């Protein structure tokens, strides 16, 4: 919320158990690596995946360790953990006593009580199996949570939080990757188009603007076959949209045309991850390099001036702001 500190989730290598958590302070430009291991004398696990901060507690999703850790955002000390998660993706709080945890390889969204760390129920997604089930990012509008369904799916689902039931769905292009809501209460999702030879599909990917109140598609911007966009996101004001599509792209949330010029042109760095400071609009991009050594983060001002570079953990893939 403040933008005064940045957490970086380093995925590590799948099944090698070498995920780590980094913390960067934009004011001092100092990075700290392996902070969870150093504070807890315990490895973070396998494939760190996402994180949210809520009232000085950070909730770190470790996808292939089937766990979310609650940690102090000051000391990085574990205060609790939720285990038993099929393959968790994101956590979104409904209240202090209720949160939803999305999953891959499950047709259910898990409901937890964050005060007890216990799973209290499940939301069954329609027309989904354990074999190809996928739920991902969540946004909330009024009483409803919207969630994109990514791997081998092509839908946004609408959940009534007063009943914990899916009440509607919206079909989009195959594999919407991410989901955010702007200052006009329009949701944005960008699909990745599958891939050549996919058992599911391969098509031109698209960026959609969807009214949150009415769940209606308002705009669809189509890209080229072969593009695999990802990580649509917003600045702090919710009025500038960013995403990855080889380059880093941005546009005003009121634009009716996608710009021809990107924010950061792709040349010598493959952009593995992206975030925007909610405080000053700085843009951060992750470089996974060779997927074996420390990856690095580049920090740009909103005007494109490179102001910092810092090495983190292995395959930095997600960000979370204090």
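Residue numbers count along the first chain shown, from 1.
*Asks:* Is the mean CA B factor in the deposited entry higher across 107-115 or across 196-204?
*Replies:* Comparing 107-115 with 196-204, the higher average CA B-factor belongs to 196-204.
*Asks:* Per the record, averaged over C-alpha atoms, which has the higher B-factor: 269-277 or 40-48?
*Replies:* Per the deposited B-factors, the answer is 269-277.
*Asks:* Split the chain's modelled residues into thirds by Cα B-factor; is residue 301 in the lowest, middle or highest one?
*Replies:* According to the entry, residue 301 has a C-alpha B-factor in the chain's middle third.
*Asks:* Using the temperature factors of the C-alpha atoms in this entry, rank residue 183 within its chain: lowest, middle or highest third.
*Replies:* Within its chain, residue 183 is a middle-third residue by C-alpha B-factor, going by the deposited values.
*Asks:* Check where residue 209 lands among this chain's C-alpha B-factors and tell me if it's the lowest, middle or highest third.
*Replies:* Answer is lowest: the recorded C-alpha B-factor places it there.
*Asks:* Lowest, middle or highest third: where is residue 253 by Cα B-factor in its chain?
*Replies:* Bottom third by C-alpha B-factor.
*Asks:* Sorting the chain's modelled residues by C-alpha B-factor, tell me whether residue 86 ends up in the lowest, middle or highest third.
*Replies:* Middle third - that is where residue 86 ends up once the chain's C-alpha B-factors are sorted.
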